[PDB]
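Asks: as they sit in the full assembly, here are the leading chains:
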Amino acid sequence: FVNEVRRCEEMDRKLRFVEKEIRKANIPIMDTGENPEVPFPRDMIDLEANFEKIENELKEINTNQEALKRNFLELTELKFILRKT
Amino acid sequence: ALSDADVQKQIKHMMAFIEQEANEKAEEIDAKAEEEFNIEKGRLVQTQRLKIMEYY
Amino acid sequence: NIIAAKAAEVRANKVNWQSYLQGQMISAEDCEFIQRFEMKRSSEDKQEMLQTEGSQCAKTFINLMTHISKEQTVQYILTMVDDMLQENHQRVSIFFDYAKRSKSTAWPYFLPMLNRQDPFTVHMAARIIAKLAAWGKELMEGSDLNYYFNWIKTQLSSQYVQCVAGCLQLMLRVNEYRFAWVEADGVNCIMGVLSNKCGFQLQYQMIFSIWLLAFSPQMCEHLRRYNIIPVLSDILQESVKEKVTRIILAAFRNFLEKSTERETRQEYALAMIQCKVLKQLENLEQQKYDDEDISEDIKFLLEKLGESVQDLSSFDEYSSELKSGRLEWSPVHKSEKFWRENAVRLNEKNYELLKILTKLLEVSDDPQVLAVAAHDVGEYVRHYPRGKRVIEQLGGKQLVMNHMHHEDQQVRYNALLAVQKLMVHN
């Protein structure tokens, strides 16, 4: 049964990734309540895989906007070089 | 009884489990045996139909 | 459990057949066979049933079953006969009790019968109807059984229904009559009962009958028109009961190994498009089982599904549909190998494919085809910075900028991804 635990650890790693991301973003946590809400399907594994895909494209958006700002860092330089004669 | 009745219930459910499981297994073996049957019969028809066609 | 409970209930009841061996009330002669062969475990008895020559065996017992007919009287006589007809491990086997002089013993006696489908009467009738597959006697008329209510009224109402369907699945073995039943609308009824919610045992029986019907290549090809493969993958996703997964896997295996015509096997691509069964297999492989069938079939299906997706990954039909403008979400679009090696094929004469996709993006308003085309263009421009200059010269960047602000935020997000792949070095 160790495979289930390994998949859970992967799930934990992805959840930590998003956690540290939202802590860098500094978005206040809601925590409405609902402690007794535990369900018992087997299908939520697919749903959490989908949310890990959401986290993957989030990692893409970060690794992409960092490139965008780097591009701007030379765009502004080109503008300044243009301002002169 | 309660404890002995539970033991009897457990025995009955275990018998039901073996019954269903290996009954389905037995029919699965027989269905494989039908596929088996038809494949070998087809090969046989090919082999004999050959000689039939030349002779005729 | 109702039928087994009834059988156990009336097994112990010993009828007074000796009070009228050949005596009062119940007839007066047909207890000469009953007195013989009372020891069912006796080799001598099971081999000397042939001494009867059928004269009493299932000749007078036939129409004695109608002689007695009371909810108490004929319920006891009914079981005391049909429990012997049911055990039948090697006693009759290949129709030893023959009764050649009259055909009614073989088949036509149940027309008045098939009544009161609850006090075991339809159950005995179905059991004697269940004397074809492992018994040597060819049914005189398939429609004399396929079109009678013995199953029709039991479809909806449950252990009696389960036992009826058990007799049915025991009988559906040899194609000579399964074809006769498939020509009827029985396929539609099987599909409807499948869609109907019920106990998991009944659902297993239904998929089991489907697996039995899967034997026939040409009739599977004829019944391609129904959406059985996705309804079955859907119930597979909805239920995990081990034996059910095994039988569904065996049915898919049967389809793949029969495969009458590759041209008619358009369902090869459906098996992933309609629902990625490979995603379910990705988990089911991790669970190991002692049954060699499960492991061998899952390995064989993984390999064959790999071949299927690899063959599906192509450029010819891809460019055909991209030209026609019908852009469904095929998994070939995301196939990395297409853009690693086959990327230059999109560069047709004068970049015909890219320009016509720009035109179709300008024309069509459908969010999903717009998304598909935009993603394809983005993944193409991801690797060819020269074609990036070509696209910039064409001016499609302005089209993507216009489609960025759009009612479908999904199209907006994909447009942002495409414009970003253009922002690579730009």
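Replies: That came through fine. Numbers count the residues shown, from 1 in each chain, chains lettered A, B, ... in the order given.
Asks: when you work out contacts or count neighbours from here on, use the C-alpha atoms and nothing else.
Replies: Fine.
Asks: give me the neighbour count for residue 3.
Replies: Going with chain A. 11 (other CA atoms under 10 Å in any protein chain shown).
Asks: if you could check chain C rather than the one you did, that'd help
Replies: 17.
Asks: do the same with residue C:241
Replies: 11.
Asks: what does the one 5 residues further on give?
Replies: Using other CA under 10 Å, residue C:246 has 16 neighbouring residues.
Asks: near residue 42, how many other residues are there?
Replies: Reading this off chain A. The number of residues packed near residue A:42 is 11, by other CA under 10 Å.
Asks: wrong chain, I was asking about chain C
Replies: Using other CA under 10 Å, residue C:42 has 11 other residues around it.
Asks: can you give me phi and psi for it?
Replies: With angles defined as degrees, to the nearest 10, residue C:42 sits at phi -100, psi 120.
Asks: do residue C:389 as well
Replies: Dihedral angles for residue C:389 - degrees, to the nearest 10 - are phi -70, psi -40.
Asks: wait, does stretch B:10-17 contact chain C?
Replies: No: using CA under 8 Å from any CA of the partner chain, stretch B:10-17 never reaches chain C; the gap is at least 10.2 Å.
Asks: mind listing what's buried in that stretch?
Replies: Across stretch B:10-17, burial judged by 16 or more other CA atoms under 10 Å in any protein chain shown covers no residue at all.
Asks: quick one: buried residues of whichever strand or helix holds residue C:201?
Replies: Per DSSP states H and E, residue C:201 falls inside helix C:200-213. Using 16+ other CA under 10 Å as the test for burial, helix C:200-213 gives C:202-213.
Asks: which residues sit against stretch B:15-29?
Replies: residue C:243 (CA atoms under 8 Å, 6 or more residues apart in numbering or on different chains).
Asks: what is the biggest helix by length in chain A packed up against?
Replies: For chain A, the helix reaching the highest residue count under DSSP state H is reported as helix A:44-83. Judged by 3 or more CA pairs under 8 Å, 6 or more residues apart in numbering or on different chains; DSSP states H and E, the packing partners of helix A:44-83 are helix A:2-25.
Asks: dump the helix it packs on to CSV, keeping only the CA atoms.
Replies: C-alpha atoms of helix A:2-25 as CSV (Å, rounded to 0.1, in the frame of the first residue of the first chain):
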residue,chain,number,x,y,z
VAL,A,2,3.0,2.3,-0.1
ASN,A,3,2.0,3.6,-3.6
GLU,A,4,-1.0,5.5,-2.1
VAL,A,5,1.3,7.1,0.5
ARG,A,6,3.8,8.1,-2.2
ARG,A,7,1.0,9.7,-4.3
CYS,A,8,-0.2,11.5,-1.1
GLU,A,9,3.4,12.8,-0.6
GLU,A,10,3.4,14.1,-4.2
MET,A,11,0.0,15.7,-3.4
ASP,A,12,1.6,17.3,-0.3
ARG,A,13,4.6,18.6,-2.3
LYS,A,14,2.3,20.3,-4.8
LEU,A,15,0.1,21.7,-2.0
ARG,A,16,3.2,23.1,-0.4
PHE,A,17,4.2,24.7,-3.7
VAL,A,18,0.9,26.5,-4.0
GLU,A,19,1.1,27.4,-0.3
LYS,A,20,4.4,29.1,-0.5
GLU,A,21,3.2,30.8,-3.7
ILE,A,22,0.2,32.3,-2.0
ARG,A,23,2.4,33.3,0.9
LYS,A,24,4.6,35.2,-1.5
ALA,A,25,1.5,36.7,-2.9
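Asks: mind adding chain D? sequence follows:
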Amino acid sequence: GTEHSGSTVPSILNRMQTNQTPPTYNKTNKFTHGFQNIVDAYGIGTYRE
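Replies: So, slotting chain D in with the rest:
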């Protein structure tokens, strides 16, 4: 649980005796937990003590 996921599971339970020492336990509340903690700070003793 069985009616949550119904598959004819009686969930049978049997009682048996042995020599293994059962573990100690004492229900507490919001105004005895501190004292239970202080007393268990020096270990917990034998069964039915």
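Asks: since we added chain D, can you redo the buried residues of stretch B:10-17?
Replies: Result for stretch B:10-17 [16+ other CA under 10 Å]: buried residues residue B:10.
Asks: so it, near chain D or not?
Replies: Yes: using CA under 8 Å from any CA, we find that stretch B:10-17 touches chain D at residue B:10.
Asks: just to revisit the earlier point, state the next helix or strand along the chain beyond the helix holding residue C:201.
Replies: That would be, after helix C:200-213 and using DSSP H and E, helix C:217-222.
Asks: alpha carbons of that following helix, as CSV, please.
Replies: What follows is helix C:217-222, C-alpha atoms only, in CSV (Å, rounded to 0.1, in the frame of the first residue of the first chain):
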residue,chain,number,x,y,z
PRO,C,217,-16.5,-10.0,-34.9
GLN,C,218,-19.0,-9.4,-37.7
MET,C,219,-21.9,-8.7,-35.3
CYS,C,220,-19.7,-6.5,-33.2
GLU,C,221,-19.1,-4.6,-36.4
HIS,C,222,-22.8,-4.4,-37.1
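Asks: next, count neighbours for residue C:401.
Replies: Per other CA under 10 Å, the neighbour tally for residue C:401 reads 15.
Asks: next, it: phi, psi?
Replies: Torsion angles, degrees, to the nearest 10, at residue C:401: phi -60, psi -40.
Asks: now for it: which residues touch it?
Replies: Applying CA under 8 Å, 6+ apart, the residues near residue C:401 are C:415, C:419.
Asks: go ahead and measure how far the helix holding residue C:201 is from the middle of the chain.
Replies: Put simply, helix C:200-213 sits 6 Å off its chain's centre (CA atoms, centre = their mean, to the nearest Å).
Asks: in terms of secondary structure, what does it contact?
Replies: helix C:159-171, helix C:186-195, helix C:243-258.
Asks: could you look up the SS state of residue C:399?
Replies: helix (DSSP: H, G, I helix; E, B strand; the rest coil).
Asks: in terms of helices and strands, where is the nearest residue to it once chain neighbours are set aside?
Replies: Nearest residue to residue C:399 in three dimensions, chain neighbours excluded: residue C:362, at 7.3 Å (CA to CA, 6 or more residues apart in numbering or on different chains). For residue C:362, the host element (DSSP H and E) is helix C:352-363.
Asks: touching that helix from outside, list them.
Replies: So helix C:352-363 is contacted by C:319, C:322-323, C:325, C:346-347, C:370, C:373, C:377, C:396, C:399 (CA under 8 Å, 6+ apart).
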